[PDB]
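One structure is given below, encoded as structure tokens.
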Amino acid sequence: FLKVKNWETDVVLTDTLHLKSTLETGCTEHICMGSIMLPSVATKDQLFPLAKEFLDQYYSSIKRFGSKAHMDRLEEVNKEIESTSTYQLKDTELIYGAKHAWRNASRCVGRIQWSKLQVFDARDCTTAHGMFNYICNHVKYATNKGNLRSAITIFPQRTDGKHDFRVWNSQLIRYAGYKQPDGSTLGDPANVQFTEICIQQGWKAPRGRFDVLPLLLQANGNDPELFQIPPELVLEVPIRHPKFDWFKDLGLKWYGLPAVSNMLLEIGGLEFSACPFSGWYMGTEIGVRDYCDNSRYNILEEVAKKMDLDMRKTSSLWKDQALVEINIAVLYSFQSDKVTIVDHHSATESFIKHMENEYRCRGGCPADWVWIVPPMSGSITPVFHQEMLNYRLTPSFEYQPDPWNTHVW
Ligand code: HEM
Ligand SMILES: CNCCc1cc(F)c(F)c(-c2cc(C)cc(N)n2)c1
Ligand SMILES: C[C@H](O)[C@H](O)[C@H]1CNc2nc(N)[nH]c(=O)c2N1
Ligand SMILES: [Zn+2]
């Protein structure tokens, strides 16, 4: 029953939820892995404990723990794991599972919204064309004319392992990356291997900067197939600044919809290898990481120039200065277009408030400080001063290998 303190407000919360934690962290009594980025076929023996554990908490959630329906659904799933060495979630259990996978995502600062999640059941999907259609409806719904809405589309669960449904894209909407004949990079350098894979599968690249990549969709473990998201469904925000009119000349833009498509959704021991989920952006994801990472668009160089800054001396903080302007611009541009976005101040404040709610009516809130604290201005946001216990609850979103390494073509 551990205590977590906030050192800006002196507020203490007692965490008991970590007792329900099952998985492991990577840390031991003698080493802390809290800054390691990635911390690391299922049988029927292992499957019923996970099913039972999940069904227990689901039925405890609808205020019917131990009722007759709980007992029968338990025996129903036990018997289905006998006959088929797997089982199928009810629609309701799927929606519960998915919302709590988000709820339990310790690295997500946006979880105050976790109960407002739109779950699209795509478990009847059979082909990549079907996936494409399901993803298009996801994009359109989640974008909602810029009034973004949280959503997840859940494709058939893994069965044997060689019939996985996979979205090969790391996110549904990402810009292309092209290495250049002079060794530099165009577009997004993070996607240069993926952009070449699309080209190997036949993508005709408009070798420019902000080229929306096509979907690479693998259905039932079959080879994956290319589809272009109808561009009218890809909402983009041209980035302008409220003071610097030359900022439009940068010609920057970003897409409104952050939609992670490479993670694995675990519910009651069932594994959903394709489960694209989307919300809305926190400003810093674009302004700081996408734009100013050295291995991403890396625009601190150009933006500092146009600001009339001292780029000779490291200690002039020209980088810090141009980083703020960039993030004022990302926010202003999204807001002026009525496209949902949250600033790292409002997002972190809501997460503290979210944390307070979880400690009250749930006994805790697993949280990964290394990821919750924004990548600029860390200590002028309240999460910097908030001790956080990280632990792995299930249902959960898990990392999984990139499919081009595991697939058998
Ligand atoms: C609703 C608005 C949301 C906001 C503002 C938000 C914010 C964020 C941010 C800033 C990150 C860190 C991303 C990065 O640094 O790369 C993150 C990570 C994450 N988000 Fe949220 N998110 C939202 C919605 C969602 C939804 C709907 C889901 C799932 C149903 C989700 C699940 C996750 C997960 C699992 C991670 C961790 C990814 C990883 O470990 O690589 N989020 N979120
Ligand atoms: C494989 N791990 C990916 C981590 C990641 C990368 C990324 F580029 C994102 F945009 C989001 C992300 C996701 C959601 C749902 C909301 C939000 N604000 N960000 C998360
Ligand atoms: C080394 C470190 O774990 C790695 O750079 C992490 C740090 N914290 C992060 N935090 C968020 N939100 N997103 C990230 O990609 C990372 N990267
Ligand atoms: Zn640790």
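Within the bounds of the stretch 81-101, is there any residue that is assigned by CATH to the domain that holds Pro224, more than 25 Å from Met355 (Cβ to Cβ), more than 16 Å from ligand 2 (Cβ to nearest atom) and aromatic (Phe, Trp, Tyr)?
No - not one qualifying residue is present in the stretch 81-101.
Please give the number of the condition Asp188 fails out of (1) more than 16 Å from ligand 3 (Cβ to nearest atom); (2) within 23 Å of the chain's Cα centre (by Cα).
(1)
What about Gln201, is it surrounded by fewer than 22 Cβ atoms within 10 Å (Cβ to Cβ) and over 20 Å from the mean Cα position of the chain (by Cα)?
Taking the combined requirement at face value, the residue satisfies it.
Name every residue in the stretch 242-284 that is more than 30 Å from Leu89 (Cα to Cα), more than 10 Å from ligand 2 (Cβ to nearest atom) and of a type in the set (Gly, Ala, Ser), in order of residue number.
Correct list: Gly251, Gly256.
Six or more apart or on different chains, Cβ atoms under 7 Å: show the pairs whose first residue is in the stretch 293-313 and outside the structural domain of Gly177 (by CATH) and on the phi < 0 side of the Ramachandran plot and whose second is in a loop (DSSP other than H, G, I, E, B) and surrounded by 12 or more Cβ atoms within 10 Å (Cβ to Cβ).
Note: pairs meeting the criteria are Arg296/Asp188; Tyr297/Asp188; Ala304/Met311.
Might you check whether a residue that is within 10 Å of ligand 1 (Cβ to nearest atom) and in contact with a strand residue (DSSP E or B) (Cβ under 8 Å, 6 or more places away or on another chain) occurs anywhere in the stretch 90-98?
yes
Assess whether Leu50 counts as being of a type in the set (A, V, I, L, M), within 21 Å of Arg362 (Cβ to Cβ), within 25 Å of the chain's Cα centre (by Cα) and part of a helix (DSSP H, G or I).
Taking the combined requirement at face value, the residue satisfies it.
Condition check ((1) within 14 Å of ligand 1 (Cβ to nearest atom); (2) of a type outside the set (D, E, K, R)) across all residues:
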position	(1), (2)
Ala101	yes, yes
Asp124	no, no
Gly130	no, yes
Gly177	no, yes
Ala190	yes, yes
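Take the residues in the stretch 288-341 that are touching a helix residue (DSSP H, G or I) at 6+ places or on another chain (Cβ under 7 Å), among the hydrophobic types (A, V, I, L, M, F, W, C) and not in a helix (DSSP H, G or I), then tell me which one is nearest to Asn191 (Cα to Cα).
Residue satisfying both the conditions and the ranking: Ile299.
Just give me the residues in the stretch 349-377 being within 16 Å of ligand 4 (Cβ to nearest atom) and in a helix (DSSP H, G or I), in sequence order.
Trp369, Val370, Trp371, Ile372
Does the stretch 320-340 contain at least one residue that is in the same structural domain as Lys253 (by CATH), within 30 Å of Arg392 (Cα to Cα) and more than 16 Å from ligand 3 (Cβ to nearest atom)?
Checking the stretch 320-340: at least one residue is in the same structural domain as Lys253 (by CATH), within 30 Å of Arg392 (Cα to Cα) and more than 16 Å from ligand 3 (Cβ to nearest atom).
Looking at (1) surrounded by 12 or more Cβ atoms within 10 Å (Cβ to Cβ); (2) outside any loop (DSSP other than H, G, I, E, B), find the lone condition where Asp45 falls short.
Unmet for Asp45, out of (1) surrounded by 12 or more Cβ atoms within 10 Å (Cβ to Cβ); (2) outside any loop (DSSP other than H, G, I, E, B): (1).
Methodologically, a virtual Cβ is constructed for each residue, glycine included, from the backbone with ideal geometry; neighbour enumeration extends over all protein chains shown. Basis: the model, the stated rules and, where named, an outside source; none is laboratory data.
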